[PDB]
file structure.tsv (TSV, C-alpha atoms and all ligand atoms)
chain	number	residue	atom	x	y	z
A	1	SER	CA	72.16	113.56	113.04
A	2	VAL	CA	72.76	109.78	112.92
A	3	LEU	CA	75.56	107.97	111.05
A	4	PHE	CA	75.53	104.44	109.58
A	5	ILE	CA	78.69	102.60	108.50
A	6	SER	CA	79.60	98.94	107.85
A	7	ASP	CA	82.08	96.67	106.08
A	8	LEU	CA	85.22	98.46	107.22
A	9	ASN	CA	87.07	95.14	107.70
A	10	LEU	CA	89.52	96.81	110.08
A	11	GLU	CA	92.85	95.01	110.41
A	12	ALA	CA	96.38	95.97	111.41
A	13	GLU	CA	97.82	95.51	107.91
A	14	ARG	CA	95.30	98.05	106.51
A	15	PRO	CA	96.48	101.24	108.30
A	16	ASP	CA	94.95	103.34	105.51
A	17	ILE	CA	91.44	102.18	106.50
A	18	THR	CA	92.27	102.65	110.19
A	19	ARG	CA	93.46	106.21	109.64
A	20	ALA	CA	90.33	106.99	107.64
A	21	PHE	CA	88.12	105.54	110.37
A	22	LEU	CA	89.79	107.37	113.29
A	23	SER	CA	89.59	110.65	111.38
A	24	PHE	CA	85.90	109.94	110.66
A	25	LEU	CA	85.38	109.37	114.40
A	26	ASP	CA	87.11	112.66	115.29
A	27	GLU	CA	85.51	114.83	112.61
A	28	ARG	CA	82.01	113.37	112.28
A	29	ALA	CA	81.06	110.71	114.84
A	30	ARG	CA	81.91	113.04	117.74
A	31	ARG	CA	79.31	115.56	116.61
A	32	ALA	CA	76.58	113.03	115.76
A	33	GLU	CA	73.78	111.93	118.09
A	34	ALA	CA	74.39	108.24	117.30
A	35	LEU	CA	76.66	105.96	115.26
A	36	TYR	CA	75.44	102.58	113.97
A	37	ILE	CA	77.94	100.00	112.72
A	38	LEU	CA	76.12	97.29	110.78
A	39	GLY	CA	78.63	94.43	110.77
A	40	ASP	CA	82.00	93.40	109.34
A	41	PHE	CA	83.57	96.14	111.44
A	42	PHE	CA	86.65	93.96	111.90
A	43	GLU	CA	87.96	91.71	109.10
A	44	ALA	CA	87.81	88.78	111.58
A	45	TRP	CA	87.18	88.12	115.27
A	46	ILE	CA	88.24	85.06	117.20
A	47	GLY	CA	86.56	86.13	120.44
A	48	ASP	CA	86.96	88.95	122.94
A	49	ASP	CA	89.58	86.99	124.88
A	50	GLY	CA	91.81	87.05	121.78
A	51	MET	CA	92.04	90.83	121.43
A	52	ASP	CA	95.42	92.21	120.38
A	53	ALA	CA	96.83	95.72	120.76
A	54	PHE	CA	95.28	96.87	117.47
A	55	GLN	CA	91.78	95.73	118.41
A	56	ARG	CA	92.04	97.25	121.87
A	57	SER	CA	93.17	100.56	120.36
A	58	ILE	CA	90.01	100.58	118.23
A	59	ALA	CA	87.88	100.01	121.35
A	60	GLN	CA	89.68	102.89	123.06
A	61	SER	CA	88.99	105.19	120.09
A	62	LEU	CA	85.29	104.30	120.11
A	63	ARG	CA	85.21	104.81	123.87
A	64	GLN	CA	86.48	108.38	123.49
A	65	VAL	CA	83.53	109.08	121.19
A	66	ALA	CA	80.99	107.35	123.46
A	67	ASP	CA	82.32	109.20	126.52
A	68	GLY	CA	81.65	112.40	124.57
A	69	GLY	CA	77.94	111.58	124.46
A	70	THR	CA	77.49	109.93	121.04
A	71	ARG	CA	75.50	106.70	121.30
A	72	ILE	CA	77.33	103.87	119.52
A	73	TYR	CA	75.57	100.70	118.41
A	74	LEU	CA	77.48	97.74	117.04
A	75	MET	CA	75.82	94.92	115.13
A	76	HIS	CA	77.52	91.68	114.15
A	77	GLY	CA	78.43	90.86	110.60
A	78	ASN	CA	79.34	87.44	109.28
A	79	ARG	CA	83.05	88.11	109.62
A	80	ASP	CA	82.95	89.37	113.20
A	81	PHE	CA	79.93	87.65	114.69
A	82	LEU	CA	81.92	86.59	117.80
A	83	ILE	CA	82.28	90.15	119.15
A	84	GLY	CA	81.03	90.03	122.73
A	85	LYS	CA	79.89	92.14	125.66
A	86	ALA	CA	83.45	92.51	127.03
A	87	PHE	CA	84.53	94.31	123.85
A	88	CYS	CA	81.43	96.49	123.81
A	89	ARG	CA	82.00	97.42	127.44
A	90	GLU	CA	85.55	98.56	126.67
A	91	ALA	CA	84.35	100.49	123.62
A	92	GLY	CA	81.34	102.10	125.29
A	93	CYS	CA	78.96	100.73	122.65
A	94	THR	CA	75.76	98.68	122.75
A	95	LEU	CA	75.54	95.32	121.00
A	96	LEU	CA	72.52	95.35	118.65
A	97	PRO	CA	71.11	91.99	117.46
A	98	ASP	CA	70.71	91.30	113.75
A	99	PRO	CA	67.87	92.12	112.96
A	100	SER	CA	66.87	95.21	114.98
A	101	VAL	CA	64.13	97.75	114.40
A	102	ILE	CA	65.05	101.20	115.65
A	103	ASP	CA	63.12	104.42	115.82
A	104	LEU	CA	64.72	106.93	113.47
A	105	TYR	CA	63.20	110.39	113.95
A	106	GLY	CA	59.83	108.70	114.42
A	107	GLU	CA	60.08	106.14	111.60
A	108	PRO	CA	60.59	102.46	112.41
A	109	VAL	CA	63.63	101.35	110.46
A	110	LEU	CA	65.00	97.83	110.04
A	111	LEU	CA	68.75	97.26	110.39
A	112	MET	CA	70.70	94.14	109.39
A	113	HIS	CA	74.17	93.26	108.20
A	114	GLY	CA	72.49	91.92	105.01
A	115	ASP	CA	74.06	88.51	104.41
A	116	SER	CA	70.92	86.83	105.80
A	117	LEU	CA	69.10	88.12	102.67
A	118	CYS	CA	71.55	86.49	100.24
A	119	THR	CA	69.73	83.17	100.14
A	120	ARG	CA	70.78	82.18	96.60
A	121	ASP	CA	74.27	81.28	97.88
A	122	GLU	CA	73.25	77.87	99.14
A	123	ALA	CA	76.71	76.84	100.35
A	124	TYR	CA	77.10	80.12	102.20
A	125	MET	CA	73.70	79.59	103.83
A	126	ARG	CA	74.64	76.09	105.04
A	127	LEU	CA	77.81	77.39	106.65
A	128	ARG	CA	75.91	80.31	108.22
A	129	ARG	CA	73.31	77.98	109.72
A	130	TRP	CA	76.10	75.94	111.31
A	131	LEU	CA	78.02	79.02	112.55
A	132	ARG	CA	74.94	80.56	114.24
A	133	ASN	CA	73.49	77.40	115.73
A	134	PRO	CA	73.37	77.98	119.54
A	135	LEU	CA	75.18	74.66	120.01
A	136	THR	CA	77.99	75.81	117.70
A	137	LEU	CA	78.26	79.07	119.63
A	138	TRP	CA	78.38	77.07	122.87
A	139	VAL	CA	81.22	74.89	121.63
A	140	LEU	CA	83.14	77.80	120.11
A	141	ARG	CA	83.14	79.67	123.42
A	142	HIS	CA	84.50	76.52	125.08
A	143	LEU	CA	87.32	76.07	122.52
A	144	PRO	CA	90.80	77.16	123.68
A	145	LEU	CA	91.99	80.30	121.91
A	146	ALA	CA	94.73	78.51	119.95
A	147	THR	CA	92.15	76.02	118.65
A	148	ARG	CA	89.82	78.81	117.53
A	149	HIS	CA	92.71	80.22	115.46
A	150	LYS	CA	93.17	76.76	113.92
A	151	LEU	CA	89.46	76.63	113.01
A	152	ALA	CA	89.55	80.16	111.59
A	153	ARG	CA	92.50	79.21	109.39
A	154	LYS	CA	90.61	76.09	108.26
A	155	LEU	CA	87.46	78.02	107.38
A	156	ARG	CA	89.53	80.67	105.58
A	157	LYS	CA	91.14	77.99	103.39
A	158	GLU	CA	88.01	75.97	102.59
A	159	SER	CA	86.75	79.22	101.08
A	160	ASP	CA	82.11	87.13	94.36
A	161	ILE	CA	79.63	88.40	96.97
A	162	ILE	CA	76.18	87.16	95.96
A	163	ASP	CA	73.62	90.00	96.27
A	164	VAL	CA	70.34	89.92	98.20
A	165	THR	CA	67.51	87.73	96.92
A	166	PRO	CA	64.99	90.27	95.58
A	167	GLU	CA	61.84	88.70	97.08
A	168	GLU	CA	63.35	88.46	100.54
A	169	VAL	CA	63.49	92.26	100.92
A	170	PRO	CA	59.69	92.91	100.89
A	171	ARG	CA	59.12	89.72	102.88
A	172	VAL	CA	61.35	90.73	105.79
A	173	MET	CA	60.34	94.40	105.68
A	174	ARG	CA	56.64	93.55	105.83
A	175	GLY	CA	57.39	91.10	108.64
A	176	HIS	CA	58.96	93.85	110.75
A	177	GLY	CA	56.36	96.47	109.82
A	178	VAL	CA	58.82	98.87	108.17
A	179	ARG	CA	59.11	100.81	104.92
A	180	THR	CA	62.84	101.53	105.34
A	181	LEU	CA	65.67	98.99	105.57
A	182	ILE	CA	69.38	99.74	105.98
A	183	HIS	CA	72.04	97.06	105.52
A	184	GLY	CA	75.59	96.42	104.38
A	185	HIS	CA	77.49	93.26	103.41
A	186	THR	CA	76.91	93.32	99.62
A	187	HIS	CA	79.50	96.05	98.87
A	188	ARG	CA	77.03	97.74	96.47
A	189	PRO	CA	76.20	101.14	97.97
A	190	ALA	CA	72.85	102.40	96.69
A	191	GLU	CA	69.28	103.31	97.53
A	192	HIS	CA	66.65	100.99	96.08
A	193	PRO	CA	62.98	102.00	95.86
A	194	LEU	CA	60.53	99.14	96.02
A	195	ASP	CA	56.90	98.24	96.64
A	196	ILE	CA	55.40	96.45	99.68
A	197	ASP	CA	51.79	95.50	98.95
A	198	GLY	CA	51.43	98.50	96.64
A	199	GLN	CA	53.13	100.92	99.04
A	200	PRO	CA	56.53	102.56	98.36
A	201	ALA	CA	59.47	101.63	100.53
A	202	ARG	CA	63.25	101.89	100.35
A	203	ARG	CA	66.33	99.76	100.95
A	204	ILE	CA	69.61	101.60	101.66
A	205	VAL	CA	72.88	99.68	101.17
A	206	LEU	CA	76.05	100.89	102.87
A	207	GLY	CA	79.42	100.94	101.08
A	208	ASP	CA	82.53	98.98	102.09
A	209	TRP	CA	85.84	100.65	102.93
A	210	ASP	CA	88.28	98.63	100.80
A	211	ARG	CA	89.08	101.49	98.42
A	212	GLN	CA	87.42	104.54	99.97
A	213	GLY	CA	85.44	105.29	103.10
A	214	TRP	CA	81.64	105.52	103.23
A	215	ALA	CA	78.99	106.97	105.53
A	216	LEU	CA	75.20	107.34	105.44
A	217	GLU	CA	74.07	110.38	107.42
A	218	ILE	CA	70.43	110.95	108.38
A	219	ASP	CA	68.63	113.75	110.20
A	220	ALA	CA	64.98	114.75	110.58
A	221	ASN	CA	65.15	116.66	107.25
A	222	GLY	CA	66.89	114.25	104.90
A	223	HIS	CA	69.76	111.88	104.31
A	224	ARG	CA	72.85	111.35	102.18
A	225	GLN	CA	75.41	108.61	101.61
A	226	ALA	CA	78.75	109.67	100.13
A	227	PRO	CA	82.31	108.31	99.99
A	228	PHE	CA	85.56	109.93	101.11
A	229	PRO	CA	89.21	109.06	100.48
A	230	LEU	CA	91.20	106.76	102.70
A	231	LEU	CA	94.33	108.92	102.26
A	301	MN	MN	79.60	90.47	105.28

call {"tool": "encode", "arguments": {"input": "structure.tsv", "output": "structure tokens"}}
result
Amino acid sequence: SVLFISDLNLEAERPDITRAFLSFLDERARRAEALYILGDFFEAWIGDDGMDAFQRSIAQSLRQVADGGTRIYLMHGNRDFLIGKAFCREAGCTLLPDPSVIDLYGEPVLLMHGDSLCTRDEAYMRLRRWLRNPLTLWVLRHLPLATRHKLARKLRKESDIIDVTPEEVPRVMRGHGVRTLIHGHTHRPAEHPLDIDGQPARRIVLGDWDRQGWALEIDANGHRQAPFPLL
């Protein structure tokens, strides 16, 4: 089977989420064929060169699972879009761009964090366009680490989750040639049927781990998303 998770927002001061995640790795990810993490895995990320003990311990826990043979794919979210190849190398995972189309038991399936669909938040979209400009990424990777912390504090202060724009879903799905989309970000776990030019399709939204854990599990026969307690 394959597992999909997102929006864990891992951080040292949330040891309940961490414990839930490491137990999920031991009891479920180890036995799966693949694990996909669709963004906002960490609550924030200043860059791989800023990793602390907590973040390194998470990489080491992923690496145990990858060494066991489970394929781990990590996609950026908006909170942790600076995660780099050095982190992924420690963790044994593959960085997946947003968007990516994967083959899922023979079906092409679109994966995204989801915030790119939330086009009605105009302010959010302006910030996102600045943050992902290649020139901004160039300058950020040339900023000293202490200055990146100063910027992160500034952005945190100068700033509830606006949901996806309905018409964007069929537009992007048709553009990638898929009838199944999986994303996170909106904190509204659900499966949405829809139409694409008269044809049925489906959008699956992953749950966030603030109050309970979540996982979507898929195999050739079916799929299910269900929560589980943090404690
Ligand atoms: Mn997000």

call {"tool": "residues_near_point", "arguments": {"input": "structure.tsv", "point": "(80.6, 92.8, 109.1)", "cutoff": "6 Å", "atoms": "only C-alpha atoms", "output": "list in words"}}
result
residues 7, 39, 40, 41, 77, 78, 79 and 80 of chain A

call {"tool": "residues_around", "arguments": {"input": "structure.tsv", "residues": "residue 167 (chain A)", "least_positions_apart": "3", "cutoff": "12 Å", "atoms": "only C-alpha atoms", "output": "CSV table (one decimal) with C-alpha atoms, in the frame of the given file"}}
result
chain,number,residue,atom,x,y,z
A,117,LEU,CA,69.1,88.1,102.7
A,118,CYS,CA,71.6,86.5,100.2
A,119,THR,CA,69.7,83.2,100.1
A,120,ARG,CA,70.8,82.2,96.6
A,163,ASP,CA,73.6,90.0,96.3
A,164,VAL,CA,70.3,89.9,98.2
A,170,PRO,CA,59.7,92.9,100.9
A,171,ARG,CA,59.1,89.7,102.9
A,172,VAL,CA,61.4,90.7,105.8
A,173,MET,CA,60.3,94.4,105.7
A,174,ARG,CA,56.6,93.6,105.8
A,194,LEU,CA,60.5,99.1,96.0
A,195,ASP,CA,56.9,98.2,96.6
A,196,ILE,CA,55.4,96.4,99.7

call {"tool": "closest_residue", "arguments": {"input": "structure.tsv", "among": "A:15, A:114, A:222, A:198", "to": "ligand MN 301 (chain A)", "atoms": "all atoms listed in the file"}}
result
A:114

call {"tool": "atom_distance", "arguments": {"input": "structure.tsv", "atom1": "CA of residue 116 (chain A)", "atom2": "CA of residue 12 (chain A)"}}
result
27.6 Å

call {"tool": "closest_residue", "arguments": {"input": "structure.tsv", "among": "A:213, A:106, A:189, A:184", "to": "ligand MN 301 (chain A)", "atoms": "all atoms listed in the file"}}
result
A:184

call {"tool": "atom_distance", "arguments": {"input": "structure.tsv", "atom1": "CA of residue 218 (chain A)", "atom2": "CA of residue 102 (chain A)"}}
result
13.3 Å

call {"tool": "decode", "arguments": {"input": "structure.tsv", "residues": "region 54-88 of chain A", "atoms": "N, CA, C and O atoms", "output": "PDB file, in the first residue's frame"}}
result
ATOM      1  N   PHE A  54      16.261  18.585  17.123  1.00  0.00           N
ATOM      2  CA  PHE A  54      14.929  18.056  16.850  1.00  0.00           C
ATOM      3  C   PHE A  54      14.779  17.701  15.377  1.00  0.00           C
ATOM      4  O   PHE A  54      14.347  16.596  15.031  1.00  0.00           O
ATOM      5  N   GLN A  55      15.124  18.636  14.489  1.00  0.00           N
ATOM      6  CA  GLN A  55      14.906  18.405  13.063  1.00  0.00           C
ATOM      7  C   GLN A  55      15.786  17.273  12.550  1.00  0.00           C
ATOM      8  O   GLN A  55      15.350  16.438  11.733  1.00  0.00           O
ATOM      9  N   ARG A  56      17.014  17.189  13.048  1.00  0.00           N
ATOM     10  CA  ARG A  56      17.878  16.081  12.678  1.00  0.00           C
ATOM     11  C   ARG A  56      17.332  14.749  13.192  1.00  0.00           C
ATOM     12  O   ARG A  56      17.511  13.710  12.537  1.00  0.00           O
ATOM     13  N   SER A  57      16.687  14.740  14.368  1.00  0.00           N
ATOM     14  CA  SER A  57      16.163  13.478  14.865  1.00  0.00           C
ATOM     15  C   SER A  57      15.009  13.013  14.001  1.00  0.00           C
ATOM     16  O   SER A  57      14.827  11.804  13.817  1.00  0.00           O
ATOM     17  N   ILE A  58      14.243  13.951  13.431  1.00  0.00           N
ATOM     18  CA  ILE A  58      13.176  13.568  12.500  1.00  0.00           C
ATOM     19  C   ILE A  58      13.766  12.965  11.236  1.00  0.00           C
ATOM     20  O   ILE A  58      13.276  11.946  10.747  1.00  0.00           O
ATOM     21  N   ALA A  59      14.822  13.584  10.676  1.00  0.00           N
ATOM     22  CA  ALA A  59      15.496  12.991   9.518  1.00  0.00           C
ATOM     23  C   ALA A  59      15.980  11.577   9.819  1.00  0.00           C
ATOM     24  O   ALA A  59      15.891  10.678   8.968  1.00  0.00           O
ATOM     25  N   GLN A  60      16.553  11.374  10.998  1.00  0.00           N
ATOM     26  CA  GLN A  60      17.061  10.055  11.354  1.00  0.00           C
ATOM     27  C   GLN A  60      15.933   9.034  11.462  1.00  0.00           C
ATOM     28  O   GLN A  60      16.108   7.867  11.083  1.00  0.00           O
ATOM     29  N   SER A  61      14.759   9.452  11.955  1.00  0.00           N
ATOM     30  CA  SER A  61      13.625   8.535  12.020  1.00  0.00           C
ATOM     31  C   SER A  61      13.094   8.190  10.633  1.00  0.00           C
ATOM     32  O   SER A  61      12.717   7.041  10.376  1.00  0.00           O
ATOM     33  N   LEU A  62      12.992   9.175   9.742  1.00  0.00           N
ATOM     34  CA  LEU A  62      12.639   8.859   8.360  1.00  0.00           C
ATOM     35  C   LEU A  62      13.661   7.901   7.746  1.00  0.00           C
ATOM     36  O   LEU A  62      13.305   6.921   7.069  1.00  0.00           O
ATOM     37  N   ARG A  63      14.935   8.172   7.975  1.00  0.00           N
ATOM     38  CA  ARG A  63      15.989   7.369   7.358  1.00  0.00           C
ATOM     39  C   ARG A  63      15.891   5.899   7.761  1.00  0.00           C
ATOM     40  O   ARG A  63      16.159   4.997   6.944  1.00  0.00           O
ATOM     41  N   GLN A  64      15.546   5.628   9.024  1.00  0.00           N
ATOM     42  CA  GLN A  64      15.313   4.239   9.421  1.00  0.00           C
ATOM     43  C   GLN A  64      14.244   3.592   8.554  1.00  0.00           C
ATOM     44  O   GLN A  64      14.383   2.431   8.151  1.00  0.00           O
ATOM     45  N   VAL A  65      13.156   4.315   8.268  1.00  0.00           N
ATOM     46  CA  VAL A  65      12.093   3.753   7.441  1.00  0.00           C
ATOM     47  C   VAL A  65      12.568   3.571   5.998  1.00  0.00           C
ATOM     48  O   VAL A  65      12.364   2.519   5.385  1.00  0.00           O
ATOM     49  N   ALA A  66      13.244   4.574   5.440  1.00  0.00           N
ATOM     50  CA  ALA A  66      13.740   4.454   4.064  1.00  0.00           C
ATOM     51  C   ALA A  66      14.736   3.306   3.933  1.00  0.00           C
ATOM     52  O   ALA A  66      14.715   2.565   2.938  1.00  0.00           O
ATOM     53  N   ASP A  67      15.629   3.162   4.911  1.00  0.00           N
ATOM     54  CA  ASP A  67      16.609   2.077   4.861  1.00  0.00           C
ATOM     55  C   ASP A  67      15.917   0.726   4.855  1.00  0.00           C
ATOM     56  O   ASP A  67      16.460  -0.250   4.324  1.00  0.00           O
ATOM     57  N   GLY A  68      14.724   0.652   5.448  1.00  0.00           N
ATOM     58  CA  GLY A  68      13.931  -0.560   5.460  1.00  0.00           C
ATOM     59  C   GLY A  68      13.276  -0.895   4.136  1.00  0.00           C
ATOM     60  O   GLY A  68      12.715  -1.983   4.002  1.00  0.00           O
ATOM     61  N   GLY A  69      13.320   0.006   3.164  1.00  0.00           N
ATOM     62  CA  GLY A  69      12.812  -0.276   1.835  1.00  0.00           C
ATOM     63  C   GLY A  69      11.594   0.528   1.430  1.00  0.00           C
ATOM     64  O   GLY A  69      11.218   0.481   0.258  1.00  0.00           O
ATOM     65  N   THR A  70      10.973   1.267   2.348  1.00  0.00           N
ATOM     66  CA  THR A  70       9.846   2.126   2.005  1.00  0.00           C
ATOM     67  C   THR A  70      10.369   3.350   1.280  1.00  0.00           C
ATOM     68  O   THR A  70      11.315   3.990   1.749  1.00  0.00           O
ATOM     69  N   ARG A  71       9.764   3.666   0.132  1.00  0.00           N
ATOM     70  CA  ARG A  71      10.119   4.861  -0.627  1.00  0.00           C
ATOM     71  C   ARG A  71       9.420   6.078  -0.036  1.00  0.00           C
ATOM     72  O   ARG A  71       8.195   6.101   0.078  1.00  0.00           O
ATOM     73  N   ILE A  72      10.189   7.101   0.326  1.00  0.00           N
ATOM     74  CA  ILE A  72       9.637   8.287   0.974  1.00  0.00           C
ATOM     75  C   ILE A  72       9.815   9.455   0.044  1.00  0.00           C
ATOM     76  O   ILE A  72      10.924   9.686  -0.451  1.00  0.00           O
ATOM     77  N   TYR A  73       8.732  10.193  -0.176  1.00  0.00           N
ATOM     78  CA  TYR A  73       8.697  11.353  -1.049  1.00  0.00           C
ATOM     79  C   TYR A  73       8.232  12.538  -0.230  1.00  0.00           C
ATOM     80  O   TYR A  73       7.199  12.465   0.439  1.00  0.00           O
ATOM     81  N   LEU A  74       8.990  13.619  -0.278  1.00  0.00           N
ATOM     82  CA  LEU A  74       8.658  14.809   0.484  1.00  0.00           C
ATOM     83  C   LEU A  74       8.430  15.952  -0.491  1.00  0.00           C
ATOM     84  O   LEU A  74       9.274  16.236  -1.335  1.00  0.00           O
ATOM     85  N   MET A  75       7.287  16.590  -0.373  1.00  0.00           N
ATOM     86  CA  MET A  75       6.935  17.761  -1.155  1.00  0.00           C
ATOM     87  C   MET A  75       6.865  18.958  -0.216  1.00  0.00           C
ATOM     88  O   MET A  75       6.400  18.840   0.921  1.00  0.00           O
ATOM     89  N   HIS A  76       7.350  20.101  -0.700  1.00  0.00           N
ATOM     90  CA  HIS A  76       7.237  21.362   0.018  1.00  0.00           C
ATOM     91  C   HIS A  76       5.786  21.717   0.300  1.00  0.00           C
ATOM     92  O   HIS A  76       4.891  21.479  -0.520  1.00  0.00           O
ATOM     93  N   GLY A  77       5.579  22.365   1.440  1.00  0.00           N
ATOM     94  CA  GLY A  77       4.418  23.197   1.667  1.00  0.00           C
ATOM     95  C   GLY A  77       4.838  24.649   1.749  1.00  0.00           C
ATOM     96  O   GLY A  77       6.005  24.992   1.559  1.00  0.00           O
ATOM     97  N   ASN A  78       3.864  25.516   2.053  1.00  0.00           N
ATOM     98  CA  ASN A  78       4.193  26.932   2.153  1.00  0.00           C
ATOM     99  C   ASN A  78       4.955  27.252   3.427  1.00  0.00           C
ATOM    100  O   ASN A  78       5.650  28.269   3.486  1.00  0.00           O
ATOM    101  N   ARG A  79       4.820  26.441   4.460  1.00  0.00           N
ATOM    102  CA  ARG A  79       5.558  26.730   5.683  1.00  0.00           C
ATOM    103  C   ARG A  79       6.981  26.213   5.645  1.00  0.00           C
ATOM    104  O   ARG A  79       7.830  26.725   6.376  1.00  0.00           O
ATOM    105  N   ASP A  80       7.274  25.224   4.811  1.00  0.00           N
ATOM    106  CA  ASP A  80       8.572  24.581   4.866  1.00  0.00           C
ATOM    107  C   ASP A  80       9.144  24.459   3.468  1.00  0.00           C
ATOM    108  O   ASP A  80       9.844  23.502   3.142  1.00  0.00           O
ATOM    109  N   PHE A  81       8.907  25.479   2.640  1.00  0.00           N
ATOM    110  CA  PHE A  81       9.342  25.407   1.254  1.00  0.00           C
ATOM    111  C   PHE A  81      10.860  25.526   1.095  1.00  0.00           C
ATOM    112  O   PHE A  81      11.368  25.289  -0.011  1.00  0.00           O
ATOM    113  N   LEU A  82      11.614  25.839   2.155  1.00  0.00           N
ATOM    114  CA  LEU A  82      13.073  25.889   2.032  1.00  0.00           C
ATOM    115  C   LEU A  82      13.782  24.569   2.321  1.00  0.00           C
ATOM    116  O   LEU A  82      15.014  24.544   2.318  1.00  0.00           O
ATOM    117  N   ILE A  83      13.056  23.482   2.582  1.00  0.00           N
ATOM    118  CA  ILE A  83      13.700  22.189   2.765  1.00  0.00           C
ATOM    119  C   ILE A  83      14.470  21.807   1.507  1.00  0.00           C
ATOM    120  O   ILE A  83      13.924  21.817   0.402  1.00  0.00           O
ATOM    121  N   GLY A  84      15.725  21.409   1.695  1.00  0.00           N
ATOM    122  CA  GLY A  84      16.642  21.188   0.580  1.00  0.00           C
ATOM    123  C   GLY A  84      17.085  19.746   0.419  1.00  0.00           C
ATOM    124  O   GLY A  84      16.612  18.830   1.088  1.00  0.00           O
ATOM    125  N   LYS A  85      18.018  19.559  -0.530  1.00  0.00           N
ATOM    126  CA  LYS A  85      18.551  18.242  -0.843  1.00  0.00           C
ATOM    127  C   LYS A  85      19.415  17.690   0.297  1.00  0.00           C
ATOM    128  O   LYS A  85      19.487  16.476   0.482  1.00  0.00           O
ATOM    129  N   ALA A  86      20.061  18.547   1.086  1.00  0.00           N
ATOM    130  CA  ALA A  86      20.879  18.042   2.185  1.00  0.00           C
ATOM    131  C   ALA A  86      20.006  17.341   3.222  1.00  0.00           C
ATOM    132  O   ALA A  86      20.337  16.238   3.687  1.00  0.00           O
ATOM    133  N   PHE A  87      18.869  17.955   3.571  1.00  0.00           N
ATOM    134  CA  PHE A  87      17.910  17.310   4.469  1.00  0.00           C
ATOM    135  C   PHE A  87      17.428  15.990   3.896  1.00  0.00           C
ATOM    136  O   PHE A  87      17.429  14.970   4.583  1.00  0.00           O
ATOM    137  N   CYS A  88      16.982  16.004   2.643  1.00  0.00           N
ATOM    138  CA  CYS A  88      16.431  14.797   2.042  1.00  0.00           C
ATOM    139  C   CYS A  88      17.462  13.682   2.019  1.00  0.00           C
ATOM    140  O   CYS A  88      17.135  12.511   2.250  1.00  0.00           O
TER     141      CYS A  88
END
